[PDB]
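Same chain, two versions here, written out as structure tokens and called structure 1 and structure 2.
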Structure 1
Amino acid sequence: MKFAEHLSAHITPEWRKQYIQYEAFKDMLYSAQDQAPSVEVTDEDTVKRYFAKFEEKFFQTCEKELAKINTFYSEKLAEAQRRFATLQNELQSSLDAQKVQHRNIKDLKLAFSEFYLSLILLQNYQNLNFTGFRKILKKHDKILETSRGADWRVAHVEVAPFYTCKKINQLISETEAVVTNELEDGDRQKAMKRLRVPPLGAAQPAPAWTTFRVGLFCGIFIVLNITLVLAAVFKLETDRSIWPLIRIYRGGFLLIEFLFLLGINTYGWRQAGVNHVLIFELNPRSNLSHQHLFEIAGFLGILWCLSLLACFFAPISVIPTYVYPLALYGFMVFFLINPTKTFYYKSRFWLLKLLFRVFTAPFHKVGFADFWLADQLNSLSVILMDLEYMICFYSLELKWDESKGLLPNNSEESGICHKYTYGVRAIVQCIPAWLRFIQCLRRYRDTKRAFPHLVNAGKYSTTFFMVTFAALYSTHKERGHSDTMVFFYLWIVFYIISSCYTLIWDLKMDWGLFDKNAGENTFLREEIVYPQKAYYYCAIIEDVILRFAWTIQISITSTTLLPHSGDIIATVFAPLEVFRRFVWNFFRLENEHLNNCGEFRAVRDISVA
């Protein structure tokens, strides 16, 4: 494949309908060729008229395509001219006001670098549309053994006001002159370093070293997982309680799984066309492909596996076993808050600036990155409970004056910090629900709109109530007082309500499925971005199952019996919840991008002042 894939890869995602449609032309050509009636059986007038009809139809289709291209190009050119006019007026106003100002200059820099991107994208649009006409007309010449295609090219294509309009190059030169004289006072090197746009989209291949580091961290991870399984089967002795260990190491595994599935999500968004760079407001020139997230996940998983192995084997006799989890989590934290400029600095600091804006929610106007991150925390809720458990274990239970403190004796009676001590577990549970609830309240206050925000605030109020009733029921049963089974009934009804609330919001308002304009894609949206239709139905069924995950647990719990269970339930259902979030990310991002596809948004429209 040479140009079909080259076109589907170098195409702007939001302008997919305004392109040349190479595939339809090719399929029309091939169908017309294969349906030649007979080379010698029927009359030559028959085949001649058949080929003439095909010629007419093909050139009418090509003419309507060219008209579409011309209209879209003139539209985008007028839009860019108006944007340049308003940007220059604002720059002149600010420069005159010169005689905080740093924020002003920095947002005019950002607005100019975003206006350059639209110009470059329009230029590439022109280029690809021209060298898709030449390719398809060359194919028509070769397939029909005629030369009318090149004549049609030189007669129609190279007169059109989309290949002869040399206005974008002048606009690019003027933008560069403006940014160099005004914003940088000379120094075109620094101006162009900000304005330049690398080959972007699905067309940029990650460097070979990043792929090799992925393949290295993944092989080590596989072998270390095999070794962990073998050592757990053959080395971990009985008479000790493994539950503290895997309860501490449960959070790290969920984080590794989340980073892996986020890498897969980024790959899916990059290939399908859903551009997360515009929705997350990332830098269109510097991003993180799936390889970077795969590498981060592999490195942190290597550290996790090494810490768990050291816990099992106890390599050095002087260091007690409880130092390895502490060291692992301290390295995970020190990796994030690394003050130097190494090891994914811009990414980690963007993530930290976002985490500061989600954990102090009602004070910042929320965008997509902080709304998206606060929804991912609902799935990574066992990580917060793992941190709480680890802190309570190291502060109240871990006997420091003994080596094998991580695995105490079998005589390990209830051992507080394992349950609802005083309600702290319920609060750590409701923390991300509280974040999203107050964020939706801030959205209602800001937009004054009510439907999408006031609803979607009860979605997390139901989690509030469900966790409250869980806490009440378990703390009543642990004290064996009266009114217990009532708080089982209320737990049941509020989990029913929570799952029904989140399920209809996952499908209808988050994913956009089940709309009246479905058309041929029954039970789906109008326009589907992901290739196969089977992905959506399987996703629907999996979200139905993984949102009602408490059915299986309350069954197993009701089966009860002696084995420790609730914890086995949580350990099996936490990666299932992270996988549910991984599935939900795809279709949330797709629904978000499909709205940017209607207004043809390729840039962020950076505000000013």
Structure 2
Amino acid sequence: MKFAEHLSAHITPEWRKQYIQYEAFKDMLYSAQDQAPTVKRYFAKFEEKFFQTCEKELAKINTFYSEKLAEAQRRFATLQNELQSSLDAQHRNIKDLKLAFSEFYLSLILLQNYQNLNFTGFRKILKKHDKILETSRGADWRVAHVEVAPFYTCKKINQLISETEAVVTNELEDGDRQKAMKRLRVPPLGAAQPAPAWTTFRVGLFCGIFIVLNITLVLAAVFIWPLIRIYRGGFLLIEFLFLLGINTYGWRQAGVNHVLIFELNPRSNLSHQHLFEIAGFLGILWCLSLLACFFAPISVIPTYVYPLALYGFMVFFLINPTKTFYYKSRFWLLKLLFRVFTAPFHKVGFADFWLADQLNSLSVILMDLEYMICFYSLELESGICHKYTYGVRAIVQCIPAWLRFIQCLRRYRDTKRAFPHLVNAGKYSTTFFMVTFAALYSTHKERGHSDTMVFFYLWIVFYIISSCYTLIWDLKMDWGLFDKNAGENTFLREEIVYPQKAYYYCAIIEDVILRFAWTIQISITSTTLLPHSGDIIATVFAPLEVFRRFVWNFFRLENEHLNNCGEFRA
């Protein structure tokens, strides 16, 4: 039933062009039926053309399967050699070997699914052609060629699977098949695995509660402690989580193998539904805290505990040691954060750079944390922490840019490729220069030093430079657009995965606008350029920054899947 949709869902994206073109055959058959008027000879010519196309597709499938089988055999040979060397040596090496064996088993299972689906598609398309043409020649062709095709009559893959299982059990697992087939099973992958019904119900419940609480908050607002600054970080984090769930959904639908790019376990992937559930729960907590602050239902309890607890809970949620509430994902995130914040002492993989960029787009959270620290230290001259700026504010603002710059320097050291890493480092240090000049101008504003205009002009120049640098890097390098190989997709690259180019153009325009918007937001937040409306401008701009980062994540992951722009894979 609807074999085309099932095939499309179960097709491995990396081999999309190497599967059976079921839709093309369906379109050919329908066009032939529509154009049928001499009738017998026309039908004979159409049958000949269809058989030729089927033969071409069968040859393509056979050659692809043969090459993949040879690759699998070579991989098995090298893995066996590595296992023999490890045995001759006789813990971490054993773990790495087990991971490699699981990956090889996944590749074998993918090959088996490829051959099975190709055979099923051949059978289905031949049956459909026979039904439409009211002729039995399709079954004869299938039996003559497809039934005896090498891709369908090769059991070398099942034998490889059996040998891999036996080797894993006897050597790595110490002769117990029960331990094997776990981490070595390859459950349903991709869109072929519907999310749990309970997860979807929880996502819906959290979304509804969040919507109602947001409506209540809006009505209450329309009808001692700065709540905007405190809650902006939480709101931005919740928005980022929701937009990241959307990013994951789009990557799964667009065929972008973000699992491989992020070096995540293919057998256990946190679905977009789980991200939506986490975002909804965090938003529910955030809304409850804000409502409690507005109303103060408990008189004895102070108001300040309401935010402090909320974020604290989130912290306790992230650093929870109990194996519950996405414990594996939380531990992976904690390790990634530790690597990122200690960037110069670790290998900069794709995940580290991506999370550093996310932090760069989430510097408002760090700024709000520093502002809260200042408010607690001093305010508890009115508003001293807001009217006057200091160096620590600038350093906190530049911390994400510092992390990215040091990551780029480490990448340059590792690979010695000057051009990309050094250009990116300059593109991140433009931020240091801009923030430094803005802080100098703000500090000199209070004390007339006769050089305020010089610093203002320097800040404007470096603002323009940084905005142009970031925009050019995003459009040309992160997204790979404006390439010279665009045969038809003007201002884009030759290959695009997303259905519409209008998405690409809208993303280009929104990035152009929002890079300047975010640069303005950084300039306002890190100093006192606009003490009157600065807070509201930053609050309005930060969600726009998160949205820009979400679109950038979309297109950067697309480019990474299409091309090794980040050079994170051999």
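Just so we're on the same page, rigid core means the largest C-alpha set that superposes within 1.5 Å between forms. Throughout, residue numbering runs from 1 along the sequence of structure 1.
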| query | finding |
| --- | --- |
| Structure, 1 versus 2, that is the form described as "closed state" in its entry title | 2 |
| Displaced position between the two structures, chosen from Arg445, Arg348, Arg188, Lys419 (C-alpha, 2 Å or more, rigid core) | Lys419 |
| Core-superposed C-alpha of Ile554 shifting 2 Å or more between the two structures | yes |
| C-alpha of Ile11 off by 2 Å or more between the two structures on rigid core | no |
| Core-superposed C-alpha of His481 shifting 2 Å or more between the two structures | yes |
| Inter-form CA displacement between the two structures at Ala24 - rigid core frame, Å | 1.1 |
| Angstrom shift of the Cα atom of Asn596 between the two structures (superposition on rigid core) | 7.0 |
| Core-aligned Cα shift of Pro563 between the two structures, given in Å | 9.5 |
